[PDB]
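Colleague: Pasting a structure here, questions to come.
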Amino acid sequence: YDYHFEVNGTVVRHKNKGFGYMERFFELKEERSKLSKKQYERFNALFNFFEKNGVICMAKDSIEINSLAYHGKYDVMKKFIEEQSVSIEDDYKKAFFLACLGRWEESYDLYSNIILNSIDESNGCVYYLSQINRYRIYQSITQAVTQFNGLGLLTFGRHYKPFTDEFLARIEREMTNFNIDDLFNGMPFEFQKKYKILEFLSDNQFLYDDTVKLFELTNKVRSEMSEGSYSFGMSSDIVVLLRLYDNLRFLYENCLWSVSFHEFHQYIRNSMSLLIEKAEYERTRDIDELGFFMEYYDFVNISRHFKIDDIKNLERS
Amino acid sequence: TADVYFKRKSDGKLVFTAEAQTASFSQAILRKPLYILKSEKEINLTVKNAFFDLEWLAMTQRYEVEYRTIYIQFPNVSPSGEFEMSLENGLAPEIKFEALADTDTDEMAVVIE
Amino acid sequence: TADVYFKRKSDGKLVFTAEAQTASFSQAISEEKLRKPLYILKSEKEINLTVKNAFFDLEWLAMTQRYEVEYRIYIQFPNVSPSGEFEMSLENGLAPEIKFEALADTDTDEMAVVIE
Amino acid sequence: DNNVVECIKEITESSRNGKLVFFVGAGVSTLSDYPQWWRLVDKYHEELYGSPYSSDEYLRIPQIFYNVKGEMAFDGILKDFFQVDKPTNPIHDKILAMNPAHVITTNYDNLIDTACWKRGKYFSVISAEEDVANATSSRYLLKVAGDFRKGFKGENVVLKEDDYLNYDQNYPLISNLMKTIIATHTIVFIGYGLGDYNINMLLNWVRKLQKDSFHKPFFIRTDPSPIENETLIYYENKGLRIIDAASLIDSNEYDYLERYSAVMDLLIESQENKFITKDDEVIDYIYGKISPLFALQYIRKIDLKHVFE
Ligand SMILES: NC(=O)c1ccc[n+]([C@@H]2O[C@H](COP(=O)([O-])OP(=O)(O)OC[C@H]3O[C@@H](n4cnc5c(N)ncnc54)[C@H](O)[C@@H]3O)[C@@H](O)[C@H]2O)c1
């Protein structure tokens, strides 16, 4: 909490009382030769990390999501799965792809084997994310089995049983009394010290913060629309769009299966359809005395996270 | 706060029974001759606390709806199968179905008093 | 991303500076019944303004121990009343947002002046 | 019966609070088809006297071999038996499903460590003296009989007579940690024989403790035949609460996974509401859950789900 990083990509000193490392760092990025060789290489790495993650400059002064799952490259994903995975990192997104193409049994087995092989992990981040994804896949398997035993009878008529009873019993045995909330606490303290930003992924309701922030932004935007006021700086609508894209890119590029659950779907559906409503209000806004267009990514988000009835409501409004 | 009975069309067996939760009847209007009063009517119904009958379940291991409050009868109800998973485990199953209309009958829903 | 300069009305002293964030002019007609004669053109012109990051002048802070606004086209509100509505949040609080409403003296009868 | 029901209730109550520690014996490792000690003792006996027990013999034969054939021969014979890997059995999954505070095991294998890695709970494993001082995690997997992590030599493990003789001197920190964990946490013994060296040593140490100053450890017996009543009284008066797997379920002697599975399924499935059938116990349970809430003027209706787990 020494500084505050905002969606636009500008840092503001919020709690740092001592010397400001980011204030000097940004100018240092903008005479660097006086730094040591190791220090220069480390600064190069830091600059690459910061510019790739969108932390550009300080307060005083679009998105591209790289993933086959987001773009629905269902055949490139199959080809990637077929290829022998050289490294565990390449086998993590491979398990994510296996999950994305159904194949939840294969995805669960692959995640379990990744966890098994992640003993010698340099950092253990892959192990933590694999635990999260395996819990998510077990949840998906359980809910799908319940649906197939229920609605899966009215719908499809027949009984499907995609997962063998032996696999279901084994996964229930392994996942018995598995509190996901504790997963981050039951980690080496080095991981907890270093990977504090991944703590939010542990809790079974990790979109509550994002949902609450989107609720606040939606209320602000609707108040602006009702009053008829004019926003000057970075409008709350732009903040909503920026946070939506940040969440989408973080969840898809890191190959997290929680991106396929109803909570995230509803979060994206509300983040959109609030940009759209605000844009429509902006279009039909009377002039006084004193635009938004949908890209490819917006089309993909609306197609994926919107039910047909939700699109119908958006059209009606 | 009435009750909904889902029954097999041919045999007449009650597939299940639950509690009606929502109903949307939205019928509205490229598509000199005689007026035919063409309309595109849709009826959707979301059901609550649906438990499938043990007999029909064991048998499974066209449909009708009878929603009784005053007295409503939906013939040819197609059950939509949209399945979503919540990361929060799960809480009761919610069933949604759309009223279907046969060409010959041309009737989608019936109201009985 | 335009800046609002706060001045003490009496002199040229700078009360503080901020960045204009939201400006609402919901100026329309008032109740008809409650208010043959020559037309007067009654109105209920209101102008609210919000500033995101306002830092109060150090000299003004030291001295403190009518206001004018210049929003930079250039707009000027000769008289503005800052609404001091303070609400606290559980999330430890950090953007100090200042809301002020333009006032209109009876003689001048003008609230804001926007000039190129 | 009431005795076993109370035993299960205590075990589950301790487990839910995070105060449960599991003392895993060699039976859990044998369930994974790991080479039992008697096989290696037979190998040592064959090597010593040409052609092929008891607590004394188990310690003596390896001890005799150590100084008769040399350290290298001992290490090689033990590595050729223990170097093989095995898959963790369902009993390890059941053990870890209880979320035990600590796992103390005399096994020199890594099956329990592998299961802990599987479950996702990081158990800092302590199998050497240096491990105790530097163990970042608060969850200890205490290998009180050494381990082969450092190497496959016989020094790293406690399986010969002199090793057991100087255990207190050789493993002061490890012994102190195990005793502190036993005194503080609830202990359940699984995969151990009633007439076992480690269990008898623990009972001898417990005898030194002041009366009723400690909690009596639980011992899950998975022997093929039902335990004799006399032995049951003898061991329950020595500071043990015995849960007999053979008594609960009748199964053929040759197979053992069924008894372990039965005991662990009783442990996991058991819930405080599982046993309340009397309508005088229903009110007792509800009042036990709701009484502390009487100190609050109003309790949110939706929040009550937390009260009733
Ligand atoms: N007694 C010997 O020294 C010796 C020599 C050769 C073979 N064996 C065999 O081993 C058994 C004795 O085992 P021990 O030295 O561990 O003493 P043990 O039988 O006392 O050890 C018992 C713990 O190990 C468990 N156990 C025994 N057999 C098991 C199996 N197949 N799978 C899982 N757990 C098992 C029991 O769980 C028990 O609680 C004998 O009954 C015999 O079948 C013993």
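Residues are named by chain letter and number: chains run A, B, ... in the order of the structure tokens, numbers start at 1 in each chain, and ligands are numbered from 1 in the order shown.
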Within 6 Å of chain C, which residues of chain A show up when using only C-alpha atoms, listed as a list in words?
Modeller: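 Contact residues on the first chain: residues 229, 230, 231, 232 and 233 of chain A.
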Colleague: Just asking: which residues within range 47-246 of chain D are alpha helix (DSSP H) according to DSSP, as a CSV table (one decimal) with N, CA and C atoms, in the first residue's frame?
Modeller:
chain,number,residue,atom,x,y,z
D,47,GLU,N,21.6,-63.0,4.7
D,47,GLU,CA,22.9,-62.6,4.4
D,47,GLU,C,23.9,-63.0,5.5
D,48,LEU,N,23.4,-62.9,6.8
D,48,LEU,CA,24.3,-63.2,7.9
D,48,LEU,C,24.5,-64.7,8.1
D,49,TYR,N,23.4,-65.4,8.3
D,49,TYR,CA,23.5,-66.8,8.5
D,49,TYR,C,23.2,-67.7,7.3
D,55,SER,N,10.4,-57.8,18.8
D,55,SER,CA,11.0,-56.5,19.0
D,55,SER,C,12.5,-56.5,19.1
D,56,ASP,N,13.0,-57.4,20.0
D,56,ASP,CA,14.4,-57.5,20.1
D,56,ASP,C,15.1,-57.9,18.9
D,57,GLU,N,14.6,-58.9,18.2
D,57,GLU,CA,15.2,-59.4,16.9
D,57,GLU,C,15.2,-58.4,15.8
D,58,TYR,N,14.1,-57.6,15.7
D,58,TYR,CA,14.1,-56.6,14.7
D,58,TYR,C,15.2,-55.6,14.8
D,59,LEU,N,15.6,-55.3,16.1
D,59,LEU,CA,16.7,-54.3,16.3
D,59,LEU,C,18.0,-55.0,16.3
D,60,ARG,N,18.1,-56.3,16.6
D,60,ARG,CA,19.4,-57.0,16.7
D,60,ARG,C,19.9,-57.4,15.4
D,61,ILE,N,19.1,-58.1,14.6
D,61,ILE,CA,19.6,-58.6,13.3
D,61,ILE,C,20.2,-57.5,12.4
D,62,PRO,N,19.5,-56.4,12.2
D,62,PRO,CA,20.2,-55.3,11.5
D,62,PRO,C,21.4,-54.8,12.3
D,63,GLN,N,21.3,-54.7,13.6
D,63,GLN,CA,22.5,-54.3,14.4
D,63,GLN,C,23.7,-55.3,14.2
D,64,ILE,N,23.4,-56.6,14.2
D,64,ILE,CA,24.5,-57.6,14.0
D,64,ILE,C,25.1,-57.4,12.6
D,65,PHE,N,24.2,-57.2,11.6
D,65,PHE,CA,24.7,-57.1,10.2
D,65,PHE,C,25.5,-55.8,10.1
D,66,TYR,N,25.2,-54.8,10.7
D,66,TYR,CA,25.9,-53.5,10.6
D,66,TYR,C,27.3,-53.7,10.9
D,67,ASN,N,27.6,-54.3,12.1
D,67,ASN,CA,29.0,-54.4,12.5
D,67,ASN,C,29.7,-55.7,12.0
D,68,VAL,N,28.9,-56.6,11.4
D,68,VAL,CA,29.5,-57.8,10.9
D,68,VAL,C,29.9,-57.7,9.4
D,69,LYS,N,29.1,-57.0,8.6
D,69,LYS,CA,29.3,-56.8,7.2
D,69,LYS,C,29.8,-55.4,6.8
D,71,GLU,N,29.3,-50.8,7.1
D,71,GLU,CA,28.3,-49.8,6.8
D,71,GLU,C,27.8,-49.9,5.4
D,72,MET,N,28.8,-50.1,4.5
D,72,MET,CA,28.4,-50.0,3.0
D,72,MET,C,27.4,-51.1,2.7
D,73,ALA,N,27.7,-52.3,3.2
D,73,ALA,CA,26.8,-53.5,2.9
D,73,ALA,C,25.4,-53.2,3.5
D,74,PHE,N,25.3,-52.7,4.7
D,74,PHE,CA,24.0,-52.3,5.3
D,74,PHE,C,23.3,-51.3,4.4
D,75,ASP,N,24.0,-50.2,4.0
D,75,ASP,CA,23.4,-49.2,3.2
D,75,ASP,C,22.9,-49.7,1.9
D,76,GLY,N,23.7,-50.6,1.2
D,76,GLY,CA,23.3,-51.1,-0.1
D,76,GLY,C,22.1,-52.0,0.1
D,77,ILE,N,22.1,-52.9,1.1
D,77,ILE,CA,21.0,-53.8,1.2
D,77,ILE,C,19.7,-53.1,1.5
D,78,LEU,N,19.8,-52.0,2.3
D,78,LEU,CA,18.6,-51.2,2.6
D,78,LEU,C,18.1,-50.4,1.5
D,79,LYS,N,19.1,-49.9,0.6
D,79,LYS,CA,18.7,-49.1,-0.5
D,79,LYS,C,18.1,-49.9,-1.6
D,80,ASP,N,18.6,-51.1,-1.8
D,80,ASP,CA,18.0,-52.0,-2.8
D,80,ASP,C,16.5,-52.3,-2.5
D,81,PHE,N,16.1,-52.2,-1.2
D,81,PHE,CA,14.8,-52.5,-0.8
D,81,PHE,C,13.9,-51.2,-0.8
D,82,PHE,N,14.5,-50.1,-0.3
D,82,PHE,CA,13.7,-48.9,-0.1
D,82,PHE,C,13.7,-47.9,-1.2
D,90,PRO,N,-5.3,-44.8,-0.8
D,90,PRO,CA,-6.4,-44.0,-0.4
D,90,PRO,C,-6.4,-43.7,1.1
D,91,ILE,N,-5.7,-44.4,1.9
D,91,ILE,CA,-5.6,-44.1,3.3
D,91,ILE,C,-4.8,-42.8,3.5
D,92,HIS,N,-3.8,-42.5,2.7
D,92,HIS,CA,-3.1,-41.2,2.8
D,92,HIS,C,-4.1,-40.1,2.5
D,93,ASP,N,-4.9,-40.3,1.5
D,93,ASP,CA,-5.9,-39.3,1.1
D,93,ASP,C,-6.9,-39.1,2.3
D,94,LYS,N,-7.3,-40.1,2.9
D,94,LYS,CA,-8.2,-40.0,4.0
D,94,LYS,C,-7.5,-39.3,5.2
D,95,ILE,N,-6.3,-39.6,5.5
D,95,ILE,CA,-5.5,-39.0,6.6
D,95,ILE,C,-5.4,-37.5,6.3
D,96,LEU,N,-5.1,-37.1,5.1
D,96,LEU,CA,-5.0,-35.7,4.8
D,96,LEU,C,-6.3,-35.0,4.7
D,97,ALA,N,-7.4,-35.7,4.4
D,97,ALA,CA,-8.7,-35.1,4.4
D,97,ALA,C,-9.2,-34.6,5.7
D,111,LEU,N,5.8,-41.3,1.1
D,111,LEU,CA,4.4,-41.4,0.7
D,111,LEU,C,3.6,-40.4,1.4
D,112,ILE,N,3.8,-40.2,2.7
D,112,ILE,CA,3.0,-39.2,3.5
D,112,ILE,C,3.4,-37.8,3.0
D,113,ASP,N,4.7,-37.5,2.7
D,113,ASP,CA,5.0,-36.2,2.2
D,113,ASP,C,4.4,-36.0,0.8
D,114,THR,N,4.4,-37.0,0.0
D,114,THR,CA,3.8,-36.9,-1.3
D,114,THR,C,2.3,-36.6,-1.2
D,115,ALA,N,1.6,-37.3,-0.3
D,115,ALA,CA,0.2,-37.0,-0.1
D,115,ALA,C,0.0,-35.6,0.4
D,116,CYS,N,0.8,-35.1,1.3
D,116,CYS,CA,0.7,-33.7,1.8
D,116,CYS,C,0.9,-32.7,0.6
D,117,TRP,N,1.9,-33.0,-0.3
D,117,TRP,CA,2.0,-32.2,-1.5
D,117,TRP,C,0.8,-32.3,-2.4
D,118,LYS,N,0.2,-33.5,-2.5
D,118,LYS,CA,-1.0,-33.6,-3.3
D,118,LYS,C,-2.1,-32.7,-2.8
D,119,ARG,N,-2.4,-32.8,-1.5
D,119,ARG,CA,-3.5,-32.1,-0.9
D,119,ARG,C,-3.4,-30.6,-1.0
D,129,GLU,N,17.9,-33.3,12.6
D,129,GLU,CA,18.0,-32.3,13.7
D,129,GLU,C,18.0,-30.9,13.2
D,130,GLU,N,18.7,-30.6,12.1
D,130,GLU,CA,18.7,-29.3,11.5
D,130,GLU,C,17.4,-28.8,11.0
D,131,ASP,N,16.5,-29.8,10.7
D,131,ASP,CA,15.2,-29.4,10.1
D,131,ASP,C,14.3,-28.7,11.1
D,132,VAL,N,14.4,-29.0,12.4
D,132,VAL,CA,13.6,-28.4,13.4
D,132,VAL,C,13.8,-26.9,13.5
D,133,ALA,N,15.1,-26.5,13.5
D,133,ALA,CA,15.4,-25.1,13.7
D,133,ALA,C,14.9,-24.2,12.6
D,161,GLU,N,19.6,-51.4,16.4
D,161,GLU,CA,19.5,-51.4,17.9
D,161,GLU,C,20.2,-50.1,18.5
D,162,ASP,N,21.5,-49.8,18.1
D,162,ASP,CA,22.2,-48.7,18.6
D,162,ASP,C,21.5,-47.4,18.3
D,163,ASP,N,20.9,-47.3,17.1
D,163,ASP,CA,20.1,-46.1,16.8
D,163,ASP,C,19.0,-45.8,17.7
D,164,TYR,N,18.3,-46.9,18.1
D,164,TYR,CA,17.2,-46.7,19.1
D,164,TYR,C,17.8,-46.4,20.5
D,165,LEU,N,18.9,-47.0,20.8
D,165,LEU,CA,19.5,-46.8,22.1
D,165,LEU,C,19.8,-45.4,22.4
D,167,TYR,N,18.6,-42.7,20.7
D,167,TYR,CA,17.7,-41.8,20.1
D,167,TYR,C,17.5,-40.5,20.8
D,168,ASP,N,17.3,-40.6,22.1
D,168,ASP,CA,17.1,-39.4,22.9
D,168,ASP,C,18.3,-38.5,22.8
D,169,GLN,N,19.5,-39.0,22.9
D,169,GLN,CA,20.7,-38.2,22.7
D,169,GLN,C,20.9,-37.8,21.3
D,170,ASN,N,20.6,-38.7,20.3
D,170,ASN,CA,20.8,-38.4,18.9
D,170,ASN,C,19.8,-37.4,18.3
D,172,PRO,N,17.5,-35.0,20.2
D,172,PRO,CA,16.9,-34.2,21.3
D,172,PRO,C,15.8,-33.3,20.8
D,173,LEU,N,16.1,-32.5,19.7
D,173,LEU,CA,15.1,-31.6,19.2
D,173,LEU,C,13.9,-32.3,18.6
D,174,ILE,N,14.1,-33.4,17.9
D,174,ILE,CA,13.0,-34.1,17.3
D,174,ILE,C,12.2,-34.7,18.3
D,175,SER,N,12.8,-35.4,19.3
D,175,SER,CA,12.0,-36.0,20.4
D,175,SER,C,11.2,-34.9,21.2
D,176,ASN,N,11.8,-33.8,21.5
D,176,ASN,CA,11.1,-32.7,22.2
D,176,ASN,C,9.9,-32.2,21.4
D,177,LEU,N,10.1,-32.1,20.1
D,177,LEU,CA,9.0,-31.6,19.2
D,177,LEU,C,7.9,-32.6,19.2
D,178,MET,N,8.2,-33.9,19.0
D,178,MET,CA,7.2,-34.9,19.0
D,178,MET,C,6.4,-34.9,20.3
D,179,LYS,N,7.1,-34.9,21.5
D,179,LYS,CA,6.5,-34.9,22.8
D,179,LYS,C,5.6,-33.6,23.0
D,180,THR,N,6.1,-32.5,22.5
D,180,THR,CA,5.3,-31.2,22.6
D,180,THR,C,4.0,-31.4,21.8
D,181,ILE,N,4.1,-31.9,20.5
D,181,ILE,CA,3.0,-32.1,19.7
D,181,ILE,C,2.0,-33.1,20.3
D,182,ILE,N,2.5,-34.2,20.9
D,182,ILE,CA,1.6,-35.1,21.5
D,182,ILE,C,0.9,-34.5,22.7
D,183,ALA,N,1.6,-33.7,23.5
D,183,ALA,CA,1.0,-33.1,24.7
D,183,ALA,C,-0.1,-32.0,24.3
D,184,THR,N,0.2,-31.3,23.2
D,184,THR,CA,-0.6,-30.2,22.9
D,184,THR,C,-1.8,-30.6,22.0
D,197,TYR,N,7.3,-50.9,19.3
D,197,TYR,CA,8.4,-50.3,20.0
D,197,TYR,C,8.1,-48.8,20.2
D,198,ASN,N,7.8,-48.1,19.2
D,198,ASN,CA,7.6,-46.7,19.3
D,198,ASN,C,6.4,-46.4,20.2
D,199,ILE,N,5.3,-47.1,20.0
D,199,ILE,CA,4.1,-46.9,20.8
D,199,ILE,C,4.4,-47.2,22.3
D,200,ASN,N,5.1,-48.2,22.6
D,200,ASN,CA,5.5,-48.6,24.0
D,200,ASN,C,6.4,-47.5,24.6
D,201,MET,N,7.3,-47.0,23.8
D,201,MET,CA,8.2,-45.9,24.3
D,201,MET,C,7.3,-44.6,24.6
D,202,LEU,N,6.4,-44.3,23.7
D,202,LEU,CA,5.5,-43.2,24.0
D,202,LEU,C,4.7,-43.4,25.3
D,203,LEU,N,4.2,-44.6,25.5
D,203,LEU,CA,3.4,-44.9,26.7
D,203,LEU,C,4.3,-44.8,27.9
D,204,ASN,N,5.6,-45.3,27.8
D,204,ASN,CA,6.5,-45.2,28.9
D,204,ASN,C,6.7,-43.7,29.3
D,205,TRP,N,6.9,-42.8,28.3
D,205,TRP,CA,7.1,-41.4,28.5
D,205,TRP,C,5.8,-40.8,29.1
D,206,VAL,N,4.7,-41.2,28.6
D,206,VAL,CA,3.4,-40.7,29.1
D,206,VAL,C,3.2,-41.0,30.6
D,207,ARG,N,3.7,-42.2,31.0
D,207,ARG,CA,3.6,-42.6,32.4
D,207,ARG,C,4.2,-41.6,33.3
D,208,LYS,N,5.3,-40.9,32.8
D,208,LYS,CA,6.0,-39.9,33.6
D,208,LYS,C,5.1,-38.6,33.8
D,229,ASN,N,-10.4,-58.5,24.9
D,229,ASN,CA,-10.9,-57.5,25.9
D,229,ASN,C,-9.9,-57.1,26.9
D,230,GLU,N,-9.2,-58.1,27.4
D,230,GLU,CA,-8.1,-57.9,28.5
D,230,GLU,C,-7.1,-57.0,28.0
D,231,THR,N,-6.6,-57.2,26.8
D,231,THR,CA,-5.6,-56.3,26.2
D,231,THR,C,-6.2,-54.9,26.0
D,232,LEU,N,-7.5,-54.8,25.7
D,232,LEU,CA,-8.1,-53.5,25.5
D,232,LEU,C,-8.1,-52.8,26.8
D,233,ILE,N,-8.4,-53.4,28.0
D,233,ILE,CA,-8.4,-52.7,29.2
D,233,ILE,C,-6.9,-52.3,29.6
D,234,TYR,N,-6.0,-53.2,29.3
D,234,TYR,CA,-4.6,-53.0,29.6
D,234,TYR,C,-4.1,-51.7,28.9
D,235,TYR,N,-4.4,-51.6,27.6
D,235,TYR,CA,-3.9,-50.5,26.8
D,235,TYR,C,-4.7,-49.2,27.1
D,236,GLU,N,-6.0,-49.3,27.4
D,236,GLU,CA,-6.8,-48.1,27.7
D,236,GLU,C,-6.5,-47.6,29.1
D,245,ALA,N,-10.9,-51.7,14.1
D,245,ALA,CA,-11.4,-51.8,12.8
D,245,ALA,C,-12.1,-53.1,12.6
D,246,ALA,N,-11.5,-54.2,13.1
D,246,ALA,CA,-12.0,-55.5,13.0
D,246,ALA,C,-13.4,-55.6,13.7
Colleague: Using only C-alpha atoms, find the residues of chain A whose closest atom to chain D is at most 10 Å away, then write them as a ChimeraX atom specification.
Modeller: /A:112-113,115-119,127-128,130-132,170,173-180,182-190
Colleague: So that I have them on file, write out the residues from the current selection with N, CA, C and O atoms, as a compact mmCIF listing (two decimals), in the first residue's frame.
Modeller:
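This went into result-v3.txt:
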# COMPACT_ATOMS: atom_id res chain seq x y z
N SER A 112 -3.50 -32.58 -11.69
CA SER A 112 -2.95 -33.39 -10.61
C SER A 112 -1.50 -33.76 -10.88
O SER A 112 -0.65 -33.68 -9.98
N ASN A 113 -1.19 -34.15 -12.12
CA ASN A 113 0.18 -34.51 -12.44
C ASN A 113 1.10 -33.29 -12.42
O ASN A 113 2.27 -33.41 -12.05
N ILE A 115 0.71 -30.74 -10.36
CA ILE A 115 0.95 -30.55 -8.94
C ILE A 115 1.99 -31.54 -8.44
O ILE A 115 2.88 -31.20 -7.65
N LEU A 116 1.90 -32.79 -8.90
CA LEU A 116 2.88 -33.80 -8.50
C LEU A 116 4.28 -33.42 -8.95
O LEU A 116 5.25 -33.56 -8.19
N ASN A 117 4.42 -32.94 -10.17
CA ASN A 117 5.73 -32.59 -10.72
C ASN A 117 6.21 -31.22 -10.28
O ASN A 117 7.35 -30.87 -10.61
N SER A 118 5.41 -30.43 -9.57
CA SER A 118 5.80 -29.09 -9.16
C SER A 118 6.52 -29.07 -7.81
O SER A 118 6.53 -28.03 -7.14
N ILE A 119 7.13 -30.18 -7.41
CA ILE A 119 7.86 -30.21 -6.15
C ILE A 119 9.10 -29.32 -6.23
O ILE A 119 9.38 -28.54 -5.31
N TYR A 127 2.32 -24.21 -8.99
CA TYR A 127 1.67 -25.17 -8.10
C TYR A 127 0.41 -24.57 -7.47
O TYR A 127 -0.63 -25.23 -7.41
N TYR A 128 0.49 -23.32 -7.02
CA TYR A 128 -0.68 -22.66 -6.43
C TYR A 128 -1.79 -22.49 -7.46
O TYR A 128 -2.96 -22.79 -7.19
N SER A 130 -2.22 -24.24 -10.14
CA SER A 130 -2.73 -25.57 -10.47
C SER A 130 -3.69 -26.07 -9.41
O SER A 130 -4.69 -26.72 -9.73
N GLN A 131 -3.41 -25.78 -8.14
CA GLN A 131 -4.36 -26.13 -7.09
C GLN A 131 -5.68 -25.40 -7.28
O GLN A 131 -6.76 -26.00 -7.19
N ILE A 132 -5.61 -24.09 -7.57
CA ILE A 132 -6.83 -23.32 -7.83
C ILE A 132 -7.60 -23.92 -9.00
O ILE A 132 -8.82 -24.14 -8.92
N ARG A 170 -12.79 -41.07 -7.13
CA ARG A 170 -11.42 -40.68 -6.81
C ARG A 170 -11.30 -39.18 -6.57
O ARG A 170 -10.64 -38.75 -5.62
N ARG A 173 -12.77 -38.29 -3.28
CA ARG A 173 -11.87 -38.69 -2.21
C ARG A 173 -10.72 -37.70 -2.05
O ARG A 173 -10.37 -37.33 -0.93
N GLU A 174 -10.13 -37.26 -3.16
CA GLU A 174 -9.01 -36.32 -3.07
C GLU A 174 -9.46 -34.94 -2.62
O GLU A 174 -8.74 -34.26 -1.88
N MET A 175 -10.64 -34.49 -3.06
CA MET A 175 -11.13 -33.15 -2.77
C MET A 175 -11.98 -33.08 -1.51
O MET A 175 -12.55 -32.03 -1.22
N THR A 176 -12.08 -34.17 -0.76
CA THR A 176 -12.87 -34.16 0.46
C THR A 176 -12.29 -33.17 1.46
O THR A 176 -11.07 -33.10 1.65
N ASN A 177 -13.17 -32.38 2.08
CA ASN A 177 -12.77 -31.43 3.11
C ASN A 177 -11.66 -30.50 2.62
O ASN A 177 -10.71 -30.20 3.35
N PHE A 178 -11.77 -30.05 1.37
CA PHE A 178 -10.79 -29.14 0.79
C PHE A 178 -11.34 -27.72 0.86
O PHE A 178 -12.17 -27.31 0.04
N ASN A 179 -10.89 -26.97 1.86
CA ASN A 179 -11.25 -25.56 1.98
C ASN A 179 -10.31 -24.74 1.11
O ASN A 179 -9.13 -24.59 1.43
N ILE A 180 -10.84 -24.21 0.00
CA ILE A 180 -10.00 -23.44 -0.91
C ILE A 180 -9.50 -22.17 -0.24
O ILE A 180 -8.40 -21.69 -0.54
N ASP A 182 -8.26 -21.71 2.61
CA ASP A 182 -7.00 -21.95 3.31
C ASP A 182 -5.84 -22.23 2.37
O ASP A 182 -4.69 -22.24 2.83
N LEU A 183 -6.09 -22.43 1.08
CA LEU A 183 -5.04 -22.89 0.18
C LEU A 183 -3.85 -21.94 0.17
O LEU A 183 -2.70 -22.39 0.17
N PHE A 184 -4.09 -20.63 0.16
CA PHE A 184 -3.00 -19.68 0.19
C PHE A 184 -2.30 -19.64 1.54
O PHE A 184 -1.08 -19.43 1.60
N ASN A 185 -3.04 -19.84 2.64
CA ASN A 185 -2.41 -19.87 3.95
C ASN A 185 -1.59 -21.13 4.14
O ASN A 185 -0.53 -21.09 4.78
N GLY A 186 -2.04 -22.26 3.60
CA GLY A 186 -1.29 -23.49 3.68
C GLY A 186 -0.22 -23.58 2.61
O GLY A 186 -0.13 -24.58 1.89
N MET A 187 0.59 -22.54 2.50
CA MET A 187 1.66 -22.44 1.52
C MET A 187 2.94 -22.02 2.23
O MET A 187 2.89 -21.42 3.31
N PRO A 188 4.10 -22.32 1.65
CA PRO A 188 5.35 -21.85 2.25
C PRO A 188 5.33 -20.34 2.43
O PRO A 188 4.88 -19.60 1.55
N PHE A 189 5.81 -19.89 3.59
CA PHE A 189 5.71 -18.47 3.92
C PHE A 189 6.49 -17.61 2.93
O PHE A 189 6.18 -16.42 2.78
N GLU A 190 7.49 -18.18 2.26
CA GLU A 190 8.16 -17.45 1.19
C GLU A 190 7.19 -17.12 0.06
O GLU A 190 7.19 -16.00 -0.46
Colleague: Counting only C-alpha atoms and all ligand atoms, which protein, DNA or RNA residues come within 10 Å of ligand 1, given as a PyMOL selection string?
Modeller: chain D and resi 25-34+36-42+53-55+57-58+189-196+219-224+244-245+253-260
Colleague: Nearest to residue 58 in chain B: which of B:44, B:6, B:15, B:39 is it, counting only C-alpha atoms?
Modeller: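 Smallest separation from residue 58 in chain B among the options: B:15.
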Colleague: Would you pick out the contacts of residue 111 in chain B at 8 Å or less, using only C-alpha atoms, so that residues sharing its chain but fewer than 4 positions from it are not included, and give the list as a ChimeraX atom specification?
Modeller: /B:70-73
Colleague: Kindly export the residues of the current selection with C-alpha atoms, as a PDB file, in the first residue's frame.
Modeller:
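File selection_4.pdb, as written:
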ATOM      1  CA  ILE B  70     -56.301 -19.520 -11.378  1.00  0.00           C
ATOM      2  CA  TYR B  71     -55.628 -22.435 -13.734  1.00  0.00           C
ATOM      3  CA  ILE B  72     -53.016 -22.285 -16.514  1.00  0.00           C
ATOM      4  CA  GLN B  73     -52.089 -24.993 -19.031  1.00  0.00           C
TER       5      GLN B  73
END
Colleague: Show me a table, sorted first by chain and then by increasing residue number, of the residues of chain A having an atom at most 6 Å from chain B, each with its shortest atom pair and the distance in Å to one decimal, counting only C-alpha atoms and written as a Markdown table.
Modeller:
| residue | atom | partner | partner_atom | distance |
| --- | --- | --- | --- | --- |
| A:155 | CA | B:81 | CA | 5.6 |
| A:159 | CA | B:61 | CA | 5.9 |
| A:261 | CA | B:85 | CA | 5.3 |
| A:262 | CA | B:86 | CA | 5.0 |
Colleague: For residue 1 in chain B, work out the shell of residues within 12 Å, counting only C-alpha atoms and skipping chain neighbours fewer than 5 positions away, then give it as a ChimeraX atom specification.
Modeller: /B:18-23,47-48,67-70
Colleague: If I take CA of residue 317 in chain A and CA of residue 242 in chain A, how far is one from the other in Å, to one decimal?
Modeller: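 CA of residue 242 in chain A lies at a distance of 23.3 Å from CA of residue 317 in chain A.
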